[PDB]
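Visitor: model the structure of this input:
(one chain, ligands or ions: 1)
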Amino acid sequence: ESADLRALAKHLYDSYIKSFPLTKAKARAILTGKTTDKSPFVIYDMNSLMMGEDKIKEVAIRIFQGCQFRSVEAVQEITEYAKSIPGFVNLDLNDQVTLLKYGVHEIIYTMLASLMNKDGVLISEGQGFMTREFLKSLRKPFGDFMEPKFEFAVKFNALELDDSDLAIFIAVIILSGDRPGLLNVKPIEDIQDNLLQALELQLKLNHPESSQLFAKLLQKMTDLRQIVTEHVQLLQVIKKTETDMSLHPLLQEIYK
Ligand SMILES: *[C@H](/C=C/CC(=O)CCCC(=O)O)C/C=C\C/C=C\C/C=C\C/C=C\CC
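Guide: Numbers count the residues shown, from 1 in each chain. Below is the structure in question.
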C-alpha cells in the first residue's frame, strides 16, 4: 500500500521540520532575495569579517573552529532526527552508534548543500553569508577544505529536491546495512527497504516530470563518500600542522 508509504513520508517530513531549524525552504528564501527582513550580511574579506563579528588567534583557525562547533550542533540535530525513524530506537545500541558514526557526515554535507549556491554559504543561522572565494583564500592547508563541498553542492542542487524529499533521503542514509562492524544487518536492511520505497514514491509524486530522479539521487551517495574521505585526509594534515588546535571530543570519536 502506497498509502502506508505516504504516511511514512509525512511522518519523516514532520520530524525533519521539528529537528532542524534551518530548512532548505528558509535557506532559499534568504539566498534568492525573498527578503526585506531576511537579508544576510556578506563576509568576503578581512574587514567585512571583523565587521561581521560585530553585527552577528588567526582567522583560518577561527573559521575552522567555527565549522567544528557547527558540525557538533548538527550531529545533535541529526541524532534527534534518527530517533524519530521508525525502528531505529529498537535496534541494538551498538548498531545505533555505528549507524550514526558513519552516517552523520554524509548527512551534514547533504544538508550543507541547501545552504549553498556556487558563490558561498549561509552561516550563523542564515544571518551571514561567506563567499566561496574568501574560504578558498585561507592559508594552507585550510584554503581548500570547502572546495569539494561546493563542487558537490552545485551538482546536488541541480536535482532540485525540497525538504520533504531530503527528509526521506537522509533517513535512507542513516539506515545503511553496509556500515563496517554492524552486528545485526537484517533489521536495518528491512527498515531501509521501506524507506527506499517511500523515497521512490515521494520522488514520483513530487517530481512527476523528472525521469529516473530516484536513481540519480542514489548515485549521489557516491559523491558523499568521496567528500568524507578527502576530508579525513585533510584532518590528518591539520593534526600535524597545528599541535595547538583542538578537535572537538564528539568529532574525535566519530572519526576514530
Ligand atoms: C563550516 C563548515 C565546515 C564543514 C567541515 O568540513 C568542518 C567540520 C568538521 C568535521 O565535522 O569534520 C563552513 C560553513 C559555514 C561557515 C562556518 C563558520 C564561519 C564562522 C562563524 C559561523 C557562525 C558561528 C560559528 C560558531
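
Visitor: buried residues, stretch 59-73. List them.
Guide: Under the neighbour-count criterion of 16 or more other CB atoms under 10 Å, stretch 59-73 has 60, 61, 63, 64, 68, 71, 72 buried. Where you see a C-beta, it was placed from the backbone N, CA and C, and this is true even at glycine.

Visitor: from those residues, pick the one nearest the ligand.
Guide: Relative to the ligand, the closest of the buried residues of stretch 59-73 is residue 71; by CB to the nearest ligand atom it sits at 3.4 Å.

Visitor: would you say that closest one is within a helix?
Guide: Yes - Residue 71: assigned to a helix according to DSSP: H, G, I helix; E, B strand; the rest coil.

Visitor: contact partners for it?
Guide: 108, 248, 251 (CB atoms under 8 Å, 6 or more residues apart in numbering).

Visitor: with residue 177 instead?
Guide: 185, 186, 188, 189, 192.

Visitor: can I get those in JSON lines with neighbour count?
Guide: Conversion of the contacts of residue 177 to JSON lines gives the following (neighbours: other CB atoms under 10 Å):
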{"residue": "185", "neighbour count": "13"}
{"residue": "186", "neighbour count": "9"}
{"residue": "188", "neighbour count": "24"}
{"residue": "189", "neighbour count": "16"}
{"residue": "192", "neighbour count": "21"}
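
Visitor: quick revisit: of the contacts of residue 71, select the buried ones using a ChimeraX command.
Guide: Selecting just the buried residues from these in ChimeraX takes one command, with 16+ other CB under 10 Å as the test:
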select :108,251
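
Visitor: please see if stretch 4-24 touches the ligand.
Guide: No - no part of stretch 4-24 sits close enough to the ligand to count as contact by CB under 6 Å from any ligand atom; the gap is at least 11.5 Å.

Visitor: tell me which residues in that stretch are buried?
Guide: By neighbour count, and taking 16+ other CB under 10 Å as the criterion, the buried residues in stretch 4-24 are 5, 8, 9, 12, 13, 15, 16, 19, 20, 22, 23, 24.

Visitor: please enumerate the helices of the stretch 151-256 of the chain.
Guide: If DSSP state H, counting those that start in this stretch is used as the criterion, the helices of the stretch 151-256 of the chain fall at 163-174, 185-206, 213-241, 249-255.

Visitor: how about residues contacting stretch 210-217?
Guide: 159, 161, 165, 169, 199, 200, 203, 204, 207.

Visitor: 7 Å - rerun?
Guide: With CB atoms under 7 Å, 6 or more residues apart in numbering as the test, stretch 210-217 has contacts from 159, 169, 199, 200, 203, 207.

Visitor: relative to the ligand, how far out is the closest residue to the first one other than its chain neighbours?
Guide: Pointing back at residue 159 there. Excluding its sequence neighbours, the residue lying closest to residue 159 (CB to CB, 6 or more residues apart in numbering) is residue 217, at 6.1 Å. With distances defined as CB to the nearest ligand atom, to the nearest Å, the gap from residue 217 to the ligand amounts to 22 Å.

Visitor: ok so, going back, okay, the helices of the stretch 151-256 of the chain in CSV with distance to residue 115 next?
Guide: Output for these, formatted as CSV (distance: least, CB to CB, whole Å):
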stretch, distance to residue 115
helix 163-174, 12
helix 185-206, 21
helix 213-241, 15
helix 249-255, 19
